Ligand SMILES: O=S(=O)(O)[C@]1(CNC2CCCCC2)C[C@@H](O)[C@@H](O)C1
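As structure tokens, one chain now follows by itself in the form deposited without the named molecule.
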């Protein structure tokens, strides 16, 4: 198809450009498509890119517009006062502003389809909304339109929503172009997707990204594949992984490192209205917060994540119970059988389900996948699916059988409703993952487990020592292994907080010397120091020059291999903002070789101070570039729940940072 109108090189400098005589007479029929390539690295709070209005006195609410906010939200308005119609559709965090100090060219595609009565918006290849209405308003059937405008909406003779920016190109079609056609429009994206809606995870949402560079040169990533919107556990969440063999240019189709099957892998468009957005999957088991390390000695890749039984998250996780019974030095997983009100069973050697009350074994065994067998026969439960068909969240049996697992709601034998940690290993650098195994309790039998710090474990350069950071109330608890993750010991380091989400990431400043950076409740990122390979830990200090909110955000951190200005370098990834999760930065720190203090010398803006930046992952790619995988939105904001494809990957070089 061909355009009815096309223009470009429009500078939007707080002054509207009139294009009425060019466009209005060309509009015909009830379906239209807009394609607009535009930049805005210093937008006003609220600004219209494009407008069709009745500019006459007494019709200030008769217009169509495509507008954006300085938060990076995109939307349209479709209004006609005679018709009684006031459509307003939008999605937060749809835009890029700057990248490597250069305004990004956004590609916007808006489709107004009268046949299907749907309004659809894409930005940079990604569908951001699609709204069906009972009563369709085509964008030029608005009563009395007489202006077509760029960089404002002409209301009653005046410029409303003045835009700052530029439109390199704008095209208009008297047709609703097809989805397949939309995907043929070329893009200028500064980012890539590794995990996306519609891939092999069938999750519509993703949180909690990780990156780690393996010795073979392959770069691995893990992530929460979140099914029930972007909600933390309780929910359905699996841990998925992908890898790149070409320095981050291409990424393998994701597989699962940890997954439960009590609930279907449904790709669900989660409600974003205030009435329904807190809908949360309540009967599913899940995984959350993964962390990756590589073991030199074995060559194994090791991944840990939190494991939640059906309906459990960090708020209802049975505190005061580890879920294991200690029997003369040995920890055994406890089980409750349906019909008993207490936990009478333990899983002993070879998965034998042993009755602690009668002190006899039963005919039941637990296998390697934590599945229940009776006399060697595999038991099953029926799977659940979720839907919103009835106007509220419904979780129901879908007709198919899956292996009965002790983490499931329907299981004959059930684990303690608390938080667990599990590890899986890969022998082929992420091509496949072993069945996970739970880690033993570290803080005693009558105490609920810690929570894993998402991101990277630490492989000490000059030994076989492996360290994963985890947190609980009042301390970081480091998990330490010197035998390839076969056995773990804990090392406790006290922090001056109660009940924090103390997400910690580590770097080795030099051999045996670990600095850990962690999230606090103070508005500042903290750090502590070990000088004996994590055996003991210094008191807590704080970084000046970076701000977080009172609730904080995960921070990622690496030891960079090459000197910068002749010094050893550390790199931190974090929002820099006291207001929200926005203002993303990579911060470059040079180590004082004399005292291990760190000079935070360069702050690189990922995008606009007002555009969202949340949890993140950094790794030095083999070519010495920097790989960044991050939540490109405010993942705390209750206004920005359940956005698709906002976890993005970019490639930077040190020269870009400085």
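Residue numbers count along the first chain shown, from 1.
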| item | value |
| --- | --- |
| Mean C-alpha temperature factor, higher of 622-630 and 31-39 | 31-39 |
| 497-505 set against 252-260, stretch whose average Cα temperature factor tops the other in the entry | 497-505 |
| Which of 156, 273, 387, 246 ranks first by CA B-factor in the deposited coordinates | 156 |
| Options 377, 100, 234, 581 - largest CA temperature factor per the record | 377 |
| Chain thirds of CA B-factor: placement of residue 489 | highest |
| Third of the chain's Cα B-factor distribution that residue 430 belongs to, per the entry | lowest |
| Residue 69 - which third its CA temperature factor falls in, relative to the rest of the chain | lowest |
| Residue 597 - Cα temperature factor, lowest/middle/highest third of chain | highest |
| Third assignment of residue 22 from its chain's C-alpha B-factors | highest |
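Although it is not shown, the form solved in complex with the named molecule is what the next lines describe.
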query: Binding-site state, shown form vs the named molecule in the entry with it bound, superposed, 3 or more atoms under 2.4 Å of backbone or C-beta; finding: open
query: Every residue of 323, 438 and 489 near the named molecule in the entry with it bound, heavy atom within 4.5 Å; finding: no
query: Contact flag, residue 624 vs the named molecule in the entry with it bound, heavy atom cut 4.5 Å; finding: yes
query: 4.5 Å heavy atom contact, residue 456 to the named molecule in the entry with it bound; finding: yes
query: Close approach of residue 461 to the named molecule in the entry with it bound, 4.5 Å, heavy atom; finding: yes
query: Any non-hydrogen atom of residue 558 within 4.5 angstroms of the named molecule in the entry with it bound; finding: yes
query: Answer option from 70, 41, 620, 30, heavy atom within 4.5 Å of the named molecule in the entry with it bound; finding: 620
query: Proximity to the named molecule in the entry with it bound, single hit among 383, 576, 213, 533 (heavy atom within 4.5 Å); finding: 213
query: Answer range among 116-124, 354-362, 205-213, 394-402 for contact with the named molecule, defined in the entry with it bound as heavy atoms within 4.5 Å; finding: 205-213
